[PDB]
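Trainee: Experimental structure and sequence below.
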Amino acid sequence: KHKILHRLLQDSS
Amino acid sequence: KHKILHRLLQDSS
Amino acid sequence: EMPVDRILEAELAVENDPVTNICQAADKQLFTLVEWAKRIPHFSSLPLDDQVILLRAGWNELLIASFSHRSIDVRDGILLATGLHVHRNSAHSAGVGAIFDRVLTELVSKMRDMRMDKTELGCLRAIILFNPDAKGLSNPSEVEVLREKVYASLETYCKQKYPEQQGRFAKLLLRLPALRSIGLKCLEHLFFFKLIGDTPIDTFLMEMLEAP
Amino acid sequence: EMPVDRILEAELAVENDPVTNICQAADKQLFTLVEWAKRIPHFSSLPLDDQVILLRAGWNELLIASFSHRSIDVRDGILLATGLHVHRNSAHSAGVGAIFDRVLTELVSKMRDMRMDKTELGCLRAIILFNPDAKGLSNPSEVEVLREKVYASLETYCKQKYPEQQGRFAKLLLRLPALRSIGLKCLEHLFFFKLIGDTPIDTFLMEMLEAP
Ligand SMILES: CCCCCCCCCCCCCCCC(=O)O
Ligand SMILES: CCCCCCCCCCCCCCCC(=O)O
Ligand SMILES: [Cl-]
Ligand SMILES: [Cl-]
(Lines give C-alpha, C1' and ligand atoms only; values in the text may rest on other atoms or scores of the structure.)
(Ligands and ions follow the chains in the order given, each with its own letter.)
Protein backbone atom coordinates (compact mmCIF):
# COMPACT_ATOMS: atom_id res chain seq x y z
CA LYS A 1 0.00 0.00 0.00
CA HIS A 2 3.17 2.21 0.39
CA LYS A 3 2.00 2.99 3.99
CA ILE A 4 5.14 4.79 5.25
CA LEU A 5 5.59 6.94 2.11
CA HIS A 6 1.88 8.09 2.10
CA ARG A 7 2.05 8.89 5.85
CA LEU A 8 5.25 10.97 5.51
CA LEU A 9 3.99 12.88 2.43
CA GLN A 10 0.51 13.71 3.95
CA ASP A 11 1.92 14.99 7.23
CA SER A 12 2.37 18.81 7.46
CA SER A 13 4.02 18.61 10.99
CA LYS B 1 36.78 -13.47 -29.09
CA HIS B 2 34.26 -11.05 -30.79
CA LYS B 3 35.33 -12.58 -34.18
CA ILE B 4 32.67 -10.95 -36.42
CA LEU B 5 33.02 -7.46 -34.88
CA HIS B 6 36.89 -7.46 -35.20
CA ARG B 7 36.66 -8.71 -38.82
CA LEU B 8 34.13 -6.01 -39.83
CA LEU B 9 36.06 -3.18 -38.11
CA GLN B 10 39.52 -4.19 -39.57
CA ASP B 11 38.24 -4.47 -43.14
CA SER B 12 38.78 -1.36 -45.35
CA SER B 13 36.87 -2.92 -48.37
CA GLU C 1 8.85 29.56 -11.19
CA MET C 2 11.77 27.30 -10.16
CA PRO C 3 14.43 29.34 -8.31
CA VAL C 4 17.82 27.56 -7.83
CA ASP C 5 18.14 29.30 -4.40
CA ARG C 6 15.25 27.13 -3.03
CA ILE C 7 16.71 23.97 -4.66
CA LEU C 8 20.05 24.73 -2.92
CA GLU C 9 18.12 25.40 0.36
CA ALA C 10 16.52 21.90 0.12
CA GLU C 11 20.06 20.33 -0.16
CA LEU C 12 21.47 22.31 2.82
CA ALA C 13 18.32 21.65 4.92
CA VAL C 14 18.83 17.84 4.99
CA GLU C 15 22.65 17.55 5.71
CA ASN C 16 29.61 -4.59 10.33
CA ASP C 17 29.50 -5.84 6.66
CA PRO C 18 29.34 -2.97 4.14
CA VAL C 19 26.08 -4.02 2.37
CA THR C 20 24.27 -4.10 5.78
CA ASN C 21 25.74 -0.61 6.58
CA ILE C 22 24.74 0.74 3.10
CA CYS C 23 21.14 -0.69 3.45
CA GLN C 24 20.78 0.78 6.97
CA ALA C 25 21.96 4.18 5.57
CA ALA C 26 19.51 3.89 2.62
CA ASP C 27 16.58 3.28 5.01
CA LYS C 28 17.62 6.30 7.15
CA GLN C 29 18.00 8.54 4.08
CA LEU C 30 14.59 7.60 2.62
CA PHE C 31 12.99 9.50 5.53
CA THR C 32 15.30 12.46 4.71
CA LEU C 33 14.49 12.19 0.99
CA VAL C 34 10.74 12.79 1.66
CA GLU C 35 11.67 15.96 3.65
CA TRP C 36 14.00 17.02 0.77
CA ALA C 37 11.30 16.50 -1.93
CA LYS C 38 8.75 18.54 0.10
CA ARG C 39 11.25 21.46 -0.05
CA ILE C 40 11.50 21.33 -3.91
CA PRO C 41 9.26 24.06 -5.40
CA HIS C 42 5.82 22.72 -6.56
CA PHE C 43 6.48 19.06 -5.58
CA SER C 44 4.07 19.18 -2.53
CA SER C 45 1.48 20.78 -4.88
CA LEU C 46 1.26 17.60 -7.01
CA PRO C 47 -1.52 15.09 -6.27
CA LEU C 48 -0.43 12.79 -3.40
CA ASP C 49 -0.61 9.73 -5.75
CA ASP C 50 1.85 11.50 -8.14
CA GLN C 51 4.24 12.46 -5.26
CA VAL C 52 4.29 8.72 -4.35
CA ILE C 53 4.90 7.62 -7.98
CA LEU C 54 7.77 10.14 -8.39
CA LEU C 55 9.49 9.19 -5.13
CA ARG C 56 9.03 5.43 -5.79
CA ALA C 57 10.47 5.93 -9.32
CA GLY C 58 13.34 8.20 -8.32
CA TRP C 59 14.49 7.32 -4.77
CA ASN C 60 17.42 5.09 -5.70
CA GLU C 61 18.95 7.52 -8.23
CA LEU C 62 18.23 10.38 -5.80
CA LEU C 63 20.09 8.63 -2.91
CA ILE C 64 22.97 7.54 -5.17
CA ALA C 65 23.40 11.11 -6.50
CA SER C 66 23.47 12.33 -2.85
CA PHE C 67 26.02 9.86 -1.38
CA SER C 68 28.14 10.22 -4.61
CA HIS C 69 28.39 14.02 -4.15
CA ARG C 70 28.97 13.56 -0.38
CA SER C 71 31.99 11.34 -1.29
CA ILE C 72 33.93 13.72 -3.64
CA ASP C 73 36.77 14.16 -1.03
CA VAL C 74 36.88 10.43 -0.04
CA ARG C 75 39.76 8.33 -1.46
CA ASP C 76 38.32 5.35 -3.46
CA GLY C 77 35.23 5.18 -1.22
CA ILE C 78 31.90 6.69 -0.18
CA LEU C 79 30.69 8.57 2.86
CA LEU C 80 27.27 7.26 4.08
CA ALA C 81 24.76 9.56 5.85
CA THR C 82 25.42 7.47 9.04
CA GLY C 83 29.01 8.86 8.96
CA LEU C 84 30.48 5.41 8.01
CA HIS C 85 32.99 5.57 5.10
CA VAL C 86 33.05 2.50 2.82
CA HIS C 87 36.21 1.82 0.78
CA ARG C 88 36.23 -0.09 -2.52
CA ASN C 89 38.37 -2.85 -0.88
CA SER C 90 35.48 -3.56 1.57
CA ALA C 91 32.90 -3.44 -1.27
CA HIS C 92 35.02 -5.88 -3.36
CA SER C 93 35.42 -8.18 -0.30
CA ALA C 94 31.56 -8.21 0.09
CA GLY C 95 30.92 -9.27 -3.56
CA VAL C 96 29.70 -5.84 -4.75
CA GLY C 97 33.02 -4.45 -6.11
CA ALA C 98 31.86 -4.03 -9.72
CA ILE C 99 28.90 -1.71 -8.99
CA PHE C 100 30.93 0.09 -6.27
CA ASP C 101 33.68 0.87 -8.83
CA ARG C 102 31.09 2.17 -11.33
CA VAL C 103 29.85 4.59 -8.65
CA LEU C 104 33.46 5.75 -8.01
CA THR C 105 34.48 6.02 -11.73
CA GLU C 106 31.26 7.28 -13.30
CA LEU C 107 29.81 9.48 -10.49
CA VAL C 108 32.15 10.38 -7.56
CA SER C 109 35.32 10.97 -9.68
CA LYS C 110 33.35 12.90 -12.39
CA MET C 111 31.63 15.08 -9.71
CA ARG C 112 35.09 15.64 -8.10
CA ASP C 113 36.74 16.42 -11.48
CA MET C 114 34.16 19.12 -12.46
CA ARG C 115 33.77 20.21 -8.77
CA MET C 116 29.99 19.80 -9.18
CA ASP C 117 28.43 22.26 -6.66
CA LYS C 118 25.41 21.69 -4.38
CA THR C 119 23.10 23.89 -6.56
CA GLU C 120 24.01 21.69 -9.56
CA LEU C 121 23.48 18.49 -7.53
CA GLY C 122 20.18 19.90 -6.24
CA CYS C 123 19.01 20.71 -9.80
CA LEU C 124 20.06 17.27 -11.21
CA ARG C 125 18.15 15.66 -8.28
CA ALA C 126 15.03 17.84 -9.00
CA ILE C 127 15.28 16.76 -12.69
CA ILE C 128 15.38 13.08 -11.51
CA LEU C 129 12.46 13.72 -9.12
CA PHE C 130 10.32 15.35 -11.85
CA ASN C 131 10.42 12.31 -14.10
CA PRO C 132 7.57 12.67 -16.63
CA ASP C 133 8.21 9.05 -17.78
CA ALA C 134 7.18 7.69 -14.29
CA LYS C 135 4.29 5.27 -15.03
CA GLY C 136 0.76 6.07 -13.77
CA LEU C 137 1.21 9.88 -13.30
CA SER C 138 -2.25 11.60 -13.36
CA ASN C 139 -0.80 14.36 -15.61
CA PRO C 140 2.67 13.68 -17.06
CA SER C 141 2.65 17.12 -18.89
CA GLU C 142 2.60 18.89 -15.49
CA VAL C 143 5.76 16.94 -14.41
CA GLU C 144 7.36 17.57 -17.85
CA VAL C 145 6.82 21.35 -17.31
CA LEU C 146 8.38 21.18 -13.81
CA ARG C 147 11.42 19.28 -15.20
CA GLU C 148 11.76 21.91 -18.00
CA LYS C 149 11.65 24.78 -15.41
CA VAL C 150 14.42 23.03 -13.38
CA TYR C 151 16.76 22.47 -16.35
CA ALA C 152 16.03 26.04 -17.60
CA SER C 153 17.08 27.36 -14.12
CA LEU C 154 20.12 25.02 -14.02
CA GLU C 155 21.41 26.11 -17.45
CA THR C 156 20.94 29.79 -16.50
CA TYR C 157 22.84 29.10 -13.18
CA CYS C 158 25.66 27.27 -15.05
CA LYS C 159 25.97 30.13 -17.68
CA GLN C 160 26.09 32.73 -14.83
CA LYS C 161 28.33 30.95 -12.19
CA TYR C 162 30.66 29.10 -14.69
CA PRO C 163 30.50 31.32 -17.83
CA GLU C 164 34.17 30.06 -18.64
CA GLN C 165 32.65 26.53 -19.29
CA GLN C 166 30.19 26.53 -22.30
CA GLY C 167 29.70 22.71 -21.98
CA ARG C 168 29.18 22.44 -18.16
CA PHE C 169 25.36 22.17 -18.47
CA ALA C 170 25.61 19.31 -21.08
CA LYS C 171 28.29 17.66 -18.86
CA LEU C 172 25.94 17.71 -15.83
CA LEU C 173 22.99 16.22 -17.83
CA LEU C 174 25.27 13.53 -19.34
CA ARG C 175 25.86 12.01 -15.87
CA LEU C 176 22.11 11.13 -15.72
CA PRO C 177 22.37 8.02 -18.02
CA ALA C 178 25.22 6.64 -15.84
CA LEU C 179 23.12 7.34 -12.76
CA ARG C 180 20.10 5.55 -14.38
CA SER C 181 22.25 2.51 -15.16
CA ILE C 182 23.91 2.45 -11.73
CA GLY C 183 20.50 2.86 -10.01
CA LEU C 184 19.11 -0.12 -11.95
CA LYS C 185 22.09 -2.33 -11.00
CA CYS C 186 21.86 -1.22 -7.36
CA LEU C 187 18.13 -2.06 -7.36
CA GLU C 188 18.92 -5.51 -8.85
CA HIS C 189 21.40 -6.10 -5.93
CA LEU C 190 18.75 -4.97 -3.36
CA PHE C 191 16.09 -7.35 -4.78
CA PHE C 192 18.62 -10.19 -4.60
CA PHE C 193 19.59 -9.26 -0.98
CA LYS C 194 15.84 -9.35 -0.16
CA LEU C 195 15.25 -12.66 -2.01
CA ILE C 196 18.27 -14.47 -0.44
CA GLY C 197 17.74 -12.88 3.05
CA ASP C 198 21.55 -12.17 3.22
CA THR C 199 20.98 -8.62 4.73
CA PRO C 200 18.65 -6.92 7.27
CA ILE C 201 16.37 -4.58 5.23
CA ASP C 202 14.56 -1.97 7.37
CA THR C 203 10.86 -1.05 6.87
CA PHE C 204 11.08 1.95 4.49
CA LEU C 205 13.70 0.38 2.19
CA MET C 206 11.56 -2.84 2.25
CA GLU C 207 8.45 -0.82 1.30
CA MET C 208 10.32 0.74 -1.66
CA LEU C 209 11.03 -2.84 -2.87
CA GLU C 210 7.23 -3.72 -2.66
CA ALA C 211 5.22 -4.21 -5.90
CA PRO C 212 3.15 -1.13 -6.97
CA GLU D 1 36.65 18.73 -35.46
CA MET D 2 33.17 17.09 -35.39
CA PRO D 3 31.00 18.49 -38.22
CA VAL D 4 27.24 17.66 -37.95
CA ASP D 5 27.13 17.39 -41.80
CA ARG D 6 29.26 14.17 -41.64
CA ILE D 7 27.16 12.80 -38.73
CA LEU D 8 24.01 13.38 -40.84
CA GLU D 9 25.81 11.73 -43.85
CA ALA D 10 26.46 8.59 -41.71
CA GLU D 11 22.67 8.37 -40.92
CA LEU D 12 21.61 8.80 -44.59
CA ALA D 13 24.32 6.37 -45.81
CA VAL D 14 22.84 3.35 -43.94
CA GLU D 15 19.04 3.72 -44.68
CA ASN D 16 6.31 -14.96 -37.69
CA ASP D 17 6.36 -14.12 -33.90
CA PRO D 18 7.43 -10.50 -33.23
CA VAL D 19 10.44 -11.29 -30.93
CA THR D 20 11.92 -13.58 -33.66
CA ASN D 21 11.33 -10.76 -36.26
CA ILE D 22 12.89 -8.12 -33.91
CA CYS D 23 15.98 -10.39 -33.21
CA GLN D 24 16.44 -11.10 -36.95
CA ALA D 25 16.28 -7.30 -37.60
CA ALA D 26 18.78 -6.64 -34.75
CA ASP D 27 21.27 -9.13 -36.27
CA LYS D 28 20.89 -7.50 -39.73
CA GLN D 29 21.32 -3.98 -38.29
CA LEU D 30 24.48 -4.87 -36.31
CA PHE D 31 26.29 -5.24 -39.66
CA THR D 32 24.88 -1.80 -40.67
CA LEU D 33 25.87 -0.30 -37.29
CA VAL D 34 29.59 -1.12 -37.90
CA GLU D 35 29.36 0.67 -41.30
CA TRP D 36 27.60 3.63 -39.56
CA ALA D 37 30.26 3.90 -36.79
CA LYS D 38 33.09 3.86 -39.40
CA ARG D 39 31.44 6.97 -40.95
CA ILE D 40 31.45 8.92 -37.62
CA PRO D 41 34.42 11.35 -37.59
CA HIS D 42 37.48 9.97 -35.66
CA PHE D 43 35.83 6.65 -34.65
CA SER D 44 37.96 4.55 -37.14
CA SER D 45 41.04 6.41 -35.78
CA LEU D 46 40.59 4.85 -32.29
CA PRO D 47 42.57 1.71 -31.43
CA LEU D 48 40.72 -1.38 -32.77
CA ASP D 49 40.28 -2.71 -29.17
CA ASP D 50 38.54 0.61 -28.22
CA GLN D 51 36.27 0.51 -31.35
CA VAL D 52 35.20 -3.00 -30.20
CA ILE D 53 34.59 -1.87 -26.57
CA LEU D 54 32.50 1.14 -27.74
CA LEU D 55 30.36 -0.87 -30.15
CA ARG D 56 29.89 -3.73 -27.62
CA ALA D 57 28.88 -1.12 -24.97
CA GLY D 58 26.63 0.95 -27.20
CA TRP D 59 25.04 -1.31 -29.86
CA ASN D 60 21.71 -1.90 -28.13
CA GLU D 61 21.04 1.79 -27.34
CA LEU D 62 22.29 2.68 -30.84
CA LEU D 63 19.85 0.23 -32.53
CA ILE D 64 16.95 1.25 -30.25
CA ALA D 65 17.55 4.97 -30.99
CA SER D 66 17.53 4.09 -34.74
CA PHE D 67 14.33 1.97 -34.90
CA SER D 68 12.62 4.48 -32.49
CA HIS D 69 13.31 7.40 -34.87
CA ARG D 70 12.36 5.24 -37.89
CA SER D 71 8.95 4.67 -36.18
CA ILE D 72 7.86 8.32 -35.54
CA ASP D 73 5.05 8.07 -38.21
CA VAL D 74 3.91 4.53 -37.13
CA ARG D 75 0.70 4.29 -35.05
CA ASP D 76 1.47 2.52 -31.70
CA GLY D 77 4.24 0.43 -33.29
CA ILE D 78 7.76 0.27 -34.72
CA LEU D 79 9.19 -0.07 -38.20
CA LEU D 80 12.06 -2.65 -38.31
CA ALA D 81 14.94 -2.33 -40.83
CA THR D 82 13.53 -5.52 -42.52
CA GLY D 83 10.44 -3.43 -43.43
CA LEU D 84 8.20 -5.37 -40.94
CA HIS D 85 6.04 -3.09 -38.73
CA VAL D 86 5.36 -4.40 -35.19
CA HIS D 87 2.29 -3.10 -33.33
CA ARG D 88 2.02 -2.95 -29.54
CA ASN D 89 -0.87 -5.50 -29.66
CA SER D 90 1.56 -8.08 -31.18
CA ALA D 91 4.28 -7.18 -28.62
CA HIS D 92 1.76 -7.55 -25.74
CA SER D 93 0.56 -10.90 -27.19
CA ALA D 94 4.24 -12.12 -27.23
CA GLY D 95 4.86 -11.27 -23.52
CA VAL D 96 7.00 -8.16 -24.19
CA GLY D 97 4.26 -5.47 -23.99
CA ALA D 98 5.75 -3.57 -21.03
CA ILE D 99 9.14 -2.81 -22.64
CA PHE D 100 7.45 -2.22 -26.05
CA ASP D 101 5.18 0.45 -24.46
CA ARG D 102 8.20 2.13 -22.81
CA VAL D 103 9.82 2.41 -26.26
CA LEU D 104 6.59 3.96 -27.67
CA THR D 105 5.95 6.36 -24.71
CA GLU D 106 9.49 7.38 -23.79
CA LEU D 107 11.25 7.34 -27.22
CA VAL D 108 9.01 7.16 -30.34
CA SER D 109 6.26 9.56 -29.08
CA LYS D 110 8.85 12.03 -27.62
CA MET D 111 10.87 11.98 -30.90
CA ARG D 112 7.56 12.50 -32.82
CA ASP D 113 6.41 15.30 -30.46
CA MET D 114 9.67 17.35 -30.84
CA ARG D 115 10.06 16.24 -34.52
CA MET D 116 13.62 15.14 -33.68
CA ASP D 117 15.57 15.45 -36.99
CA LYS D 118 18.18 13.03 -38.42
CA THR D 119 21.12 15.36 -37.52
CA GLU D 120 19.90 15.34 -33.90
CA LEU D 121 19.44 11.55 -33.94
CA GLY D 122 22.89 11.18 -35.52
CA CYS D 123 24.48 13.39 -32.82
CA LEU D 124 22.70 11.57 -29.91
CA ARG D 125 23.91 8.25 -31.44
CA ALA D 126 27.52 9.61 -31.73
CA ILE D 127 27.28 10.69 -28.04
CA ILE D 128 26.15 7.11 -27.15
CA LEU D 129 28.95 5.65 -29.31
CA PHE D 130 31.64 7.84 -27.67
CA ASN D 131 30.92 6.55 -24.18
CA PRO D 132 33.94 7.41 -22.01
CA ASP D 133 32.48 5.22 -19.20
CA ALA D 134 32.88 2.04 -21.39
CA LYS D 135 35.09 -0.29 -19.31
CA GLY D 136 38.60 -1.20 -20.54
CA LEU D 137 39.12 1.78 -22.94
CA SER D 138 42.90 2.33 -23.52
CA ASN D 139 42.38 6.12 -23.14
CA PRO D 140 38.96 7.20 -21.80
CA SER D 141 39.99 10.96 -22.02
CA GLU D 142 40.25 10.63 -25.83
CA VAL D 143 36.63 9.29 -25.97
CA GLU D 144 35.50 12.00 -23.48
CA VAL D 145 36.95 14.66 -25.85
CA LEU D 146 35.14 13.12 -28.87
CA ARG D 147 31.83 13.07 -26.92
CA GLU D 148 32.38 16.74 -25.92
CA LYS D 149 33.03 17.72 -29.60
CA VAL D 150 29.76 15.96 -30.63
CA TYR D 151 27.58 17.63 -27.98
CA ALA D 152 29.29 21.00 -28.71
CA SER D 153 28.37 20.55 -32.43
CA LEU D 154 24.83 19.38 -31.53
CA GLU D 155 24.12 22.37 -29.26
CA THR D 156 25.44 24.76 -31.94
CA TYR D 157 23.20 22.97 -34.55
CA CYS D 158 20.14 23.17 -32.22
CA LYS D 159 20.77 26.94 -31.48
CA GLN D 160 21.11 27.62 -35.26
CA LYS D 161 18.31 25.38 -36.75
CA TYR D 162 15.76 25.76 -33.84
CA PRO D 163 16.72 29.15 -32.30
CA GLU D 164 12.92 29.48 -31.22
CA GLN D 165 13.52 26.54 -28.73
CA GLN D 166 16.11 27.47 -25.98
CA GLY D 167 15.58 24.06 -24.25
CA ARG D 168 15.74 21.73 -27.32
CA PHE D 169 19.37 20.69 -26.65
CA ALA D 170 18.59 19.77 -22.96
CA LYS D 171 15.42 17.96 -24.19
CA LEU D 172 17.48 15.84 -26.63
CA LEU D 173 20.08 14.90 -23.94
CA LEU D 174 17.30 14.07 -21.43
CA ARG D 175 16.09 11.18 -23.64
CA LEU D 176 19.47 9.42 -23.04
CA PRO D 177 18.59 8.13 -19.50
CA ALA D 178 15.33 6.62 -20.85
CA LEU D 179 17.31 5.05 -23.68
CA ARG D 180 19.88 3.65 -21.16
CA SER D 181 17.09 2.12 -19.08
CA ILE D 182 15.22 0.73 -22.09
CA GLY D 183 18.48 -0.70 -23.52
CA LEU D 184 19.20 -2.49 -20.23
CA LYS D 185 15.69 -4.02 -20.11
CA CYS D 186 15.93 -5.05 -23.78
CA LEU D 187 19.32 -6.69 -23.06
CA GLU D 188 17.77 -8.55 -20.07
CA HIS D 189 15.02 -9.90 -22.43
CA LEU D 190 17.67 -10.98 -25.02
CA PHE D 191 19.73 -12.87 -22.38
CA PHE D 192 16.56 -14.64 -21.26
CA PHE D 193 15.59 -15.50 -24.89
CA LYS D 194 19.12 -16.96 -25.28
CA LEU D 195 18.98 -18.86 -21.94
CA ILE D 196 15.49 -20.37 -22.57
CA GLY D 197 16.15 -21.01 -26.32
CA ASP D 198 12.65 -19.54 -27.12
CA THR D 199 14.00 -17.57 -30.19
CA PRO D 200 16.49 -18.09 -33.07
CA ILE D 201 19.44 -15.71 -32.37
CA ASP D 202 21.70 -15.15 -35.42
CA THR D 203 25.54 -15.09 -35.19
CA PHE D 204 26.27 -11.35 -34.73
CA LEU D 205 23.51 -10.78 -32.15
CA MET D 206 24.75 -13.98 -30.38
CA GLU D 207 28.33 -12.64 -30.39
CA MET D 208 27.14 -9.36 -28.81
CA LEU D 209 25.63 -11.48 -25.98
CA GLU D 210 29.05 -13.28 -25.43
CA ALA D 211 31.10 -12.52 -22.26
CA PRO D 212 33.96 -9.99 -22.79
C1 LIG E 1 27.26 1.66 -3.61
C2 LIG E 1 27.35 0.19 -3.99
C3 LIG E 1 26.11 -0.57 -3.66
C4 LIG E 1 26.32 -2.03 -3.38
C5 LIG E 1 25.17 -2.69 -2.69
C6 LIG E 1 23.82 -2.42 -3.31
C7 LIG E 1 22.86 -1.67 -2.40
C8 LIG E 1 22.13 -0.53 -3.06
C9 LIG E 1 21.82 0.64 -2.16
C10 LIG E 1 21.82 1.98 -2.86
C11 LIG E 1 21.35 3.12 -1.99
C12 LIG E 1 22.37 3.59 -0.97
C13 LIG E 1 21.90 4.76 -0.15
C14 LIG E 1 22.92 5.32 0.81
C15 LIG E 1 22.40 6.54 1.50
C16 LIG E 1 23.45 7.44 2.12
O17 LIG E 1 24.11 7.00 3.08
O18 LIG E 1 23.54 8.59 1.70
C1 LIG F 1 11.20 -3.25 -28.85
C2 LIG F 1 10.76 -4.23 -27.78
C3 LIG F 1 11.73 -5.35 -27.57
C4 LIG F 1 11.14 -6.63 -27.08
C5 LIG F 1 12.02 -7.82 -27.24
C6 LIG F 1 13.44 -7.62 -26.75
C7 LIG F 1 14.49 -7.73 -27.85
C8 LIG F 1 15.54 -6.64 -27.81
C9 LIG F 1 16.07 -6.24 -29.16
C10 LIG F 1 16.47 -4.78 -29.26
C11 LIG F 1 17.14 -4.41 -30.56
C12 LIG F 1 16.21 -4.30 -31.74
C13 LIG F 1 16.90 -3.88 -33.02
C14 LIG F 1 16.00 -3.67 -34.20
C15 LIG F 1 16.75 -3.15 -35.38
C16 LIG F 1 15.93 -2.47 -36.45
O17 LIG F 1 15.11 -3.16 -37.09
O18 LIG F 1 16.17 -1.30 -36.69
CL1 LIG G 1 29.78 12.47 -20.46
CL1 LIG H 1 12.77 14.92 -20.26
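Mentor: That came through fine. Numbering: from 1, shown residues only, chains lettered A, B, ... in the order given. Ligands and ions are numbered 1, 2, ... in the order given.

Trainee: Can you name the residues of chain A sitting close to chain C?
Mentor: A:2, A:3, A:4, A:5, A:6, A:8, A:9, A:10 (Cβ under 8 Å from any Cβ of the partner chain). Just so you know, the C-beta spots here come from the backbone N, C-alpha and C atoms, and that holds for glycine as well.

Trainee: quick one: which helix or strand includes residue C:86?
Mentor: Using DSSP states H and E, residue C:86 maps to strand C:85-87.

Trainee: tell me what that strand is packed against?
Mentor: Strand C:85-87 sits against helix C:18-38, strand C:77-79, with contacts defined as 3 or more Cβ pairs under 8 Å, 6 or more residues apart in numbering or on different chains; DSSP states H and E.

Trainee: Off-centre distance for the helix or strand just after that strand?
Mentor: Tracing the chain past strand C:85-87, the next element assigned as helix or strand by DSSP H and E is helix C:88-93. Here the centre of helix C:88-93 is set off from its chain's centre by 22 Å, with Cα atoms, centre = their mean, to the nearest Å.

Trainee: Buried residues, helix C:88-93. List them.
Mentor: C:88, C:90, C:91 (16 or more other Cβ atoms under 10 Å in any protein chain shown).

Trainee: on that earlier part again, quick check, the strand holding residue C:86 touching ligand 1?
Mentor: No. Strand C:85-87 stays clear of ligand 1 (Cβ under 6 Å from any ligand atom), getting no nearer than 7.4 Å.

Trainee: Mind listing residues that contact that strand?
Mentor: C:18, C:21, C:22, C:74, C:75, C:76, C:77, C:78, C:79, C:80, C:100 (Cβ atoms under 8 Å, 6 or more residues apart in numbering or on different chains).

Trainee: which one of the residues you listed is nearest residue D:63?
Mentor: residue C:100 (29.9 Å; Cβ to Cβ).

Trainee: From chain B, how far off is that closest one?
Mentor: 27 Å (Cβ to the nearest Cβ, to the nearest Å).

Trainee: quick one: that residue and residue C:92 touch, right?
Mentor: Yes. Assessed by Cβ atoms under 8 Å, residue C:100 is found in contact with residue C:92 at 7.1 Å.

Trainee: Quick one: name the residues of chain C near chain A.
Mentor: Counting by Cβ under 8 Å from any Cβ, chain C sits next to chain A at C:31, C:34, C:38, C:48, C:51-52, C:55-56, C:203-204, C:207-208, C:210.

Trainee: Let's see the PyMOL selection covering just the buried ones among the contacts of strand C:85-87.
Mentor: In PyMOL syntax, the buried subset of the contacts of strand C:85-87 is picked out as below (16+ other Cβ under 10 Å):
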select buried, chain C and resi 18+21+22+74+77+78+79+80+100
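
Trainee: Any chance of CSV for the contacts of strand C:85-87, columns distance to ligand 2?
Mentor: Formatted as CSV, the contacts of strand C:85-87 follow (distance: Cβ to the nearest ligand atom, whole Å):
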residue, distance to ligand 2
C:18, 34
C:21, 37
C:22, 32
C:74, 38
C:75, 40
C:76, 36
C:77, 36
C:78, 33
C:79, 38
C:80, 37
C:100, 29
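
Trainee: mind putting the contacts of strand C:85-87 in JSON lines, distance to residue D:148 included?
Mentor: Output for the contacts of strand C:85-87, formatted as JSON lines (distance: Cβ to Cβ, whole Å):
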{"residue": "C:18", "distance to residue D:148": "35"}
{"residue": "C:21", "distance to residue D:148": "37"}
{"residue": "C:22", "distance to residue D:148": "33"}
{"residue": "C:74", "distance to residue D:148": "27"}
{"residue": "C:75", "distance to residue D:148": "27"}
{"residue": "C:76", "distance to residue D:148": "26"}
{"residue": "C:77", "distance to residue D:148": "28"}
{"residue": "C:78", "distance to residue D:148": "27"}
{"residue": "C:79", "distance to residue D:148": "29"}
{"residue": "C:80", "distance to residue D:148": "33"}
{"residue": "C:100", "distance to residue D:148": "27"}
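
Trainee: Of the contacts of strand C:85-87, which are in range of ligand 1?
Mentor: Answer for the contacts of strand C:85-87 near ligand 1 (Cβ under 6 Å from any ligand atom): C:22, C:80, C:100.

Trainee: Identify the residue spatially nearest to whichever residue of chain A sits closest to chain D, adjacent ones excluded.
Mentor: Here the residue of chain A nearest chain D is residue A:2; by Cβ to the nearest Cβ that distance is 20.4 Å. Closest residue in space to residue A:2, ignoring its immediate chain neighbours: residue C:52 at 5.6 Å, by Cβ to Cβ, 6 or more residues apart in numbering or on different chains.

Trainee: got a list of what that neighbour touches?
Mentor: A:2, A:5, A:6, A:9.

Trainee: where's it, which helix or strand?
Mentor: helix C:48-70.

Trainee: give me the number of residues near the nearest residue to residue A:3 once chain neighbours are set aside?
Mentor: Spatial nearest neighbour of residue A:3, chain neighbours left out: residue C:207 (6.9 Å); criterion: Cβ to Cβ, 6+ apart. When neighbours are defined as other Cβ atoms under 10 Å in any protein chain shown, residue C:207 has 18 of them.

Trainee: and if you look at residue C:131?
Mentor: Every residue meeting other Cβ under 10 Å relative to residue C:131 is counted, giving 22.

Trainee: In contact with residue C:51, which residues?
Mentor: Per Cβ under 8 Å, 6+ apart, neighbours of residue C:51: A:9, C:37, C:43, C:44.

Trainee: can you pull the buried residues of stretch C:60-76?
Mentor: C:60-72, C:74.

Trainee: now stretch C:159-171
Mentor: In stretch C:159-171, counting by 16+ other Cβ under 10 Å, buried: C:162, C:167, C:168, C:169, C:170, C:171.

Trainee: Touching, the third one and residue C:116? I think so.
Mentor: What it means is residue C:168. No. Residue C:168 lies out of contact with residue C:116 (Cβ under 8 Å); the separation is 9.3 Å.

Trainee: what is in contact with these two at once?
Mentor: Counting by Cβ under 8 Å, 6+ apart, nothing touches both residue C:168 and residue C:116.

Trainee: distance of residue C:100 from residue C:189?
Mentor: 10 Å (Cβ to Cβ, to the nearest Å).

Trainee: Residue of chain A nearest chain C, please.
Mentor: For chain A, Cβ to the nearest Cβ, closest residue to chain C: residue A:8, 4.3 Å.

Trainee: In contact with that residue: list those residues for me.
Mentor: Contacts of residue A:8 by Cβ under 8 Å, 6+ apart are C:31, C:34.

Trainee: for it, helix, strand, or coil?
Mentor: Put simply, residue A:8 is helix when judged by DSSP: H, G, I helix; E, B strand; the rest coil.

Trainee: thinking again about what came up before, go through the residues of chain A next to chain C and name the one nearest residue C:177.
Mentor: The closest of those, once distances to residue C:177 are taken by Cβ to Cβ, is residue A:5, at 26.4 Å.
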